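Two forms of a single protein chain come next, each set out by itself as structure tokens; they are called structure 1 and structure 2.
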Structure 1
């Protein structure tokens, strides 16, 4: 089932299959980001998903890559970071949280990606939920499936992005 991603014929079908897998699990918004080994910026970044255009533009223009707490987490860990109040420590980090929320992205998680050739990225997914308790229950129900998905997405996406 997960293998349909590597079996996908091209970037278009991969991105579509990834978004549909996420959708079927219950996540209506996803962003897969991957950088080649030892990148100094995002010039060669492979970024694919269905996050709103306005938010993508705003995140870039505001330089939120340097504020977003899930980014530094990804450089230090292979474990998921859940979007919880505790992760936003500084005012800048709270402002990022509010801007994301205003854009419709409030509940979710970020799965770090570390590929066999030094690729560095994240798979982020947001769930449209009523409240945090509801978000938590949903995410726990699907977490083991998502844990497998992120590595399949990484292996397949790396081959598609940089070869």
Structure 2
């Protein structure tokens, strides 16, 4: 993990940094990731530093639909430092239901979001999806790697913030 952080901090460019972070997620056993970060006092959710390998057409749709205002992981990130697991119970509103359905059609069904709060007031999220036969298998996988992930998100936040905002 620390060697991963060192590779992140020796990377030259957004593309390289993204490739290293994706590989670190993938080595941990996740399949898709999205690292998103805004500068301090921005909720300008389109003009964020966004990196990872979610389907391009899903990312476009998420912006066009205004899903930053619906996605329950986003409001959760504004209120907590703790992870929020993509459980059926987090989708409550009708819009949140439609969100779940469309993300699911995008292959994003099981996973978690780690909120990111940087030392200069950066606000973000690291979301990671997992391929699994069922939610039970998914949840067990995520519990087995949660301590590594919890360290990873802070190493990603610290390196990423310097890359995004220099």
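The term rigid core refers to the most C-alpha atoms you can superpose between the two forms while keeping them within 1.5 Å. Numbering follows the first chain given and starts at 1.
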Worksheet item: So which residue among 130, 98, 43, 38 shifts its CA at least 2 Å between structures 1 and 2 once the core is superposed?
Response: 43
Worksheet item: Quick one: once the rigid core is lined up, does residue 10 have its C-alpha move by 2 Å or more between structures 1 and 2?
Response: yes
Worksheet, complete the sentence: Taking the rigid core as reference, the Cα of residue 68 travels between structures 1 and 2 a distance in Å of 0.2
